[PDB]
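Residue-level structural notes
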There are 2 protein chains.
Amino acid sequence: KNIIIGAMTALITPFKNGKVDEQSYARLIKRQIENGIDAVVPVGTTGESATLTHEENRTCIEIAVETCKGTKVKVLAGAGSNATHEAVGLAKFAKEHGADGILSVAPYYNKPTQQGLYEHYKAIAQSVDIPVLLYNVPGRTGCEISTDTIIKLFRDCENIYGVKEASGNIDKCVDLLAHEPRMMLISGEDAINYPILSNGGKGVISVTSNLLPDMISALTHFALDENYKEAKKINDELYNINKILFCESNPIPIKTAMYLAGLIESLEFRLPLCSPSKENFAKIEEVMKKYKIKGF
Amino acid sequence: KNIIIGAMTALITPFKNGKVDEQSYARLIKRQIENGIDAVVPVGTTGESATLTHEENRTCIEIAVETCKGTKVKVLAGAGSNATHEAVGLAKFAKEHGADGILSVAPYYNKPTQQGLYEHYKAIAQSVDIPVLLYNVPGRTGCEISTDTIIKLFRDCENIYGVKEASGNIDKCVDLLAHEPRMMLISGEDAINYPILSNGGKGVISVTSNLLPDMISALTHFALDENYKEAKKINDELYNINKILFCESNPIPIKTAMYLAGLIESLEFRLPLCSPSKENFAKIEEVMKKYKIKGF
Ligand SMILES: N[C@@H](CCCC[NH3+])C(=O)O
Ligand SMILES: N[C@@H](CCCC[NH3+])C(=O)O
Ligand SMILES: [Mg+2]
Ligand SMILES: [Mg+2]
Ligand SMILES: [Mg+2]
């Protein structure tokens, strides 16, 4: 299969006066490229896909594709939906507008059965000829793609190449790669990036890398070379910020940190997301002081 | 506060060749009216709100309003979204098209904080002048509206009048009505309708009533009349069907049962929902045989 692996960033979506700040977005993507990131993920969970319109989802993908041209950096477009017809539409748009692949979250809220998840992803995969990465995040979606369903989809659909796991379940990571070692297991949980990579995972789709792209890139590339001492050292150093960036629901802490770092102009969300509490604002600020944050 | 309480049905949405079967929908609502139901809820979770378009969500509300006009039966329109701007748009449409109130699910997938939930629902409640019922279902949304947030919304916003609880947590039900006895607590979990009503809950928004509207409305009316012996008797009789209707994710079993009863023409869902397993299909059919199912 064709694949998108390595160190990848779930891009935040900056707003100004309620609209997508398109210049800021392109600028933030350039900063990721310049700090060793292998791929960017526009409009995932961290990018507030829920509150963007379909048009804005499409715009953000286009900005990422245009910004990455002439570089090695890939665009793994956020194209998921809890409605299969919507997910197919977003997948097709991403393919026709030059994305290298798509990330497709398990349907949220309507809790499909494993049979329904299989048919959902089969319909998406049959609709494009670019790579598709599954994305399991049960704490947000209310459902879990089982190991059996992931393995069946990987084996049955030529362009489904692996899964982004955000489930805090290293037993499942062992189960996946022990029964199907050819898939690309991708960490979607920054605190346990190193354990996932050391069991044979082949990349990360990171929140922390919005702020510290050089550290996440270094961690991943050390691990892929089996330089596990160095990769573990960075993973350990990053633990405190990796956890504080979830002191409130992602992306509230990461946007707060990007604002505190001067990397975005305004600390704006779309409702129902909003600014953190004053106490957590202070906690985020305090933890940031322990890390060197690259500018532009 | 203006309120919508009593026995209410979370209407299934029948499909024919992939489209909303509008004549079937109207026929199903008339059947609810004939069997003592006090209000209907178009396009809630049970109505496959996730896979309807915004236009179909609006069409179903219109059909409900029109079918109920000139009867005692109210329309509590499903108008929720995980994006506040979408939720406000749906609320306004329901108001302008004659719904008696709206049901508004807590944002799913993006996990707002309690502050965010307060601002979400305050924005919705300020956009219309009809009653708003909150809706807590953490197993599907990934978030919980806390008791403190519900009570503040009830006290601070004139039209927020209560909450549909689908959380399996009778302790929270006690907490809510012990600290704010003026709110309308509505059962969103059929198996425990009687315990919620016996603690001072004032209605149900039912899945089972799609199939057995006479039994659910009787249960509710016995309880509101303080005949706890008879309300409990019906709740107990209904336990087996109340549980089997969740052997797979709702509304997969209830649509299967409606098809098996001859009340809808075809067993059609929109992906990612799909037909149940053959084993669960047989289980639903077996349990249904023990109940008397009203026709048209
Ligand atoms: N709020 C809806 C629509 C989002 C459309 C853009 N990603 C959802 O989360 O599915
Ligand atoms: N699938 C999206 C859009 C639904 C629009 C109609 N209710 C969601 O679940 O939020
Ligand atoms: Mg197979
Ligand atoms: Mg900015
Ligand atoms: Mg009545």
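Residues numbered from 1 in each chain as written, not as in the entry; some residues may be left out. Chains lettered and ligands numbered in written order. Heavy atoms only, no water.

As stated in the entry header, the method of structure determination is X-ray crystallography and the reported resolution is 1.6700 Å.

Looking now at the interface of chain A and chain B. At the interface, 35 residues of chain A touch 36 residues of chain B. The largest per-residue losses of area from chain A upon contact with chain B belong to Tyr-109, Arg-140 and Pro-272 of chain A, which jointly make up 27% of the total buried on that side. Counting the contacts that link chain A with chain B gives 0 salt bridges. On the surface where chain A and chain B come into contact, there are 10 residue pairs in polar contact. (Contact = heavy atoms within 4.5 Å. Buried area = accessible area lost by both parts, 1.4 Å probe. Salt bridge = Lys/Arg side-chain N within 4 Å of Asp/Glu carboxyl O. Polar contact = N/O pair within 3.5 Å; in protein donor to acceptor, adjacent residues only side chain to side chain.)

Of the transformation superimposing chain A on chain B, the axial component is 0.1 Å and the angular component is 180°, with the fit at an RMSD of 0.1 Å. The operation mapping one copy onto its partner corresponds to a two-fold rotation axis. For chain A, the smallest separation between a C-alpha atom and the rotation axis is recorded for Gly-142 of chain A, amounting to 3.1 Å. Comparing interface residues between copies, 100% of those in chain A also sit at the interface in chain B, which points to an isologous, same-surface contact. (Least-squares fit on C-alpha atoms.)

Taken together, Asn-82 and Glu-86 of chain A together with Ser-49, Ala-50, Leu-52, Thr-53, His-54, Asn-57 and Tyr-108 of chain B form the complete shell of residues around ligand 2. Mapping the residues near ligand 2 onto chains gives chains A and B. Within the contact set of ligand 2, a nitrogen atom lies 2.9 Å away from a side-chain nitrogen or oxygen of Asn-57 of chain B. With respect to the detected pockets, ligand 2 is housed in the largest pocket. Grouping the amino acids of the shell around ligand 2 by side-chain chemistry returns 3 nonpolar, 5 polar and 1 charged. (Near = heavy atom within 4 Å. 1 Å grid on protein atoms, 1.4 Å probe; cavity = no way out; pocket = protein on both sides within 12 Å on 5 of 7 lines; lining within 4 Å. Sits in = over half its atoms within 2 Å of the grid points. Nonpolar A, V, L, I, M, F, W, Y, C, P; charged D, E, K, R; others polar.)

Next up on the list: the UniProt feature "active site" in chain A. Within this structure's numbering, the places UniProt gives as "active site" are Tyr-135 and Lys-164 of chain A. A compact arrangement is adopted by the annotated residues: their sequence extent is 30 residues, whereas the largest C-alpha distance between any two is 4.5 Å. In this structure, the largest pocket is lined, among the annotated residues mentioned, by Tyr-135 of chain A. The exposure class of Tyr-135 of chain A is buried, given its relative accessible area of 6%. Other than its neighbours up to four places away in sequence, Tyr-135 of chain A contacts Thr-45, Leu-103, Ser-104, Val-105, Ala-106, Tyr-121, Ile-145, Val-163, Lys-164 and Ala-166 of chain A together with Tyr-109 of chain B. You can call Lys-164 of chain A buried: its relative accessible area is 5%. When neighbours within four sequence positions are excluded, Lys-164 of chain A is seen to be in contact with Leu-103, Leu-133, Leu-134, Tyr-135, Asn-136, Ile-186, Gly-188 and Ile-205 of chain A. (UniProt positions renumbered as here; feature names shortened; annotations may be inferred. Buried < 20%, exposed > 50% of the residue type's maximum accessible area, 1.4 Å probe, protein only.)

Right, let's get into the sheet that holds strand β6 (residues 101–105) of chain B. Residue and element names in this part refer to chain B. As summarised here, the arrangement of the 8 strands in space is β1-β4-β5-β6-β7-β8-β9-β10, forming a closed barrel in which the pairing is parallel. Across the sheet, the axes of successive neighbouring strands diverge by a mean angle of 25°, strand direction being ignored. Of the strand pairs in this sheet, strand β8 (residues 160–165) and strand β9 (residues 184–187) are connected by 4 bridges, and their pairing is parallel. Looking at β9, one finds that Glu-165 is bridged to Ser-187. (Pairing = 2+ DSSP bridges. Helix = DSSP H or I, 4+ residues; strand = E, 2+ residues; numbered from the N terminus. Axes fitted to C-alpha atoms, helices over the stretch in contact; angles between N-to-C directions.)

Let us now look at the nonpolar core. Judged by nonpolar contacts, the single largest core of 55 residues is most densely connected at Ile-29, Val-40, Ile-102, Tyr-121, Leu-134, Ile-160 and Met-183 of chain B. Once residues lying within four places of it in the same chain are set aside, the contact partners of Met-183 of chain B are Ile-150, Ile-151, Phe-154, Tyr-161, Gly-162, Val-163, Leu-176 and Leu-177 of chain B. In this structure, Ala-64, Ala-79, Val-132 and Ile-196 of chain A belong to the second largest nonpolar core, which totals 53 residues. (Core = buried A, V, L, I, M, F, W, Y, C linked by side-chain atoms within 4.5 Å.)

Following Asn-250 of chain A, the chain continues into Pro-251 of chain A via a peptide bond in cis, with omega recorded as 5°. Relative to the elements of secondary structure, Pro-251 of chain A occurs in the loop between α11 (239–244) and α12 (252–260). Unlike most non-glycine residues, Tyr-109 of chain A shows phi in positive territory, near 75°. Its location among the elements puts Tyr-109 of chain A in the loop between β6 (101–105) and α4 (114–127). Note on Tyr-109 of chain A: relative accessible area 3%, which makes it buried. Positive phi values are uncommon outside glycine, yet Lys-111 of chain B reaches one of about 50°. The topology assignment puts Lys-111 of chain B in the loop between β6 and α4 (114–125). Since its relative accessible area comes to 34%, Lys-111 of chain B is described here as partly exposed.

Residue and element names in this part refer to chain B. Running from amino to carboxyl end, helix α9 (residues 213–224) crosses helix α10 (residues 228–244) at an angle of 150°, the nearest separation of the two axes being 7 Å. One finds that α9 runs roughly antiparallel with respect to α10. As for the relative orientation of α9 and α10, their crossing is left-handed in sense. Packed against α9, whose contacting residues are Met-215, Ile-216, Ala-218, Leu-219, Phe-222 and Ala-223, the element α10 presents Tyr-228, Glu-230, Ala-231, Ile-234, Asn-235, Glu-237 and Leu-238 at the interface. Looking at side-chain class alone, the contact of α9 with α10 contains 10 nonpolar, 1 polar and 2 charged residues. (Parallel < 35°, antiparallel > 145°, perpendicular 65-115°, else oblique. Left-handed = near helix turned anticlockwise from the far one by under 90°.)

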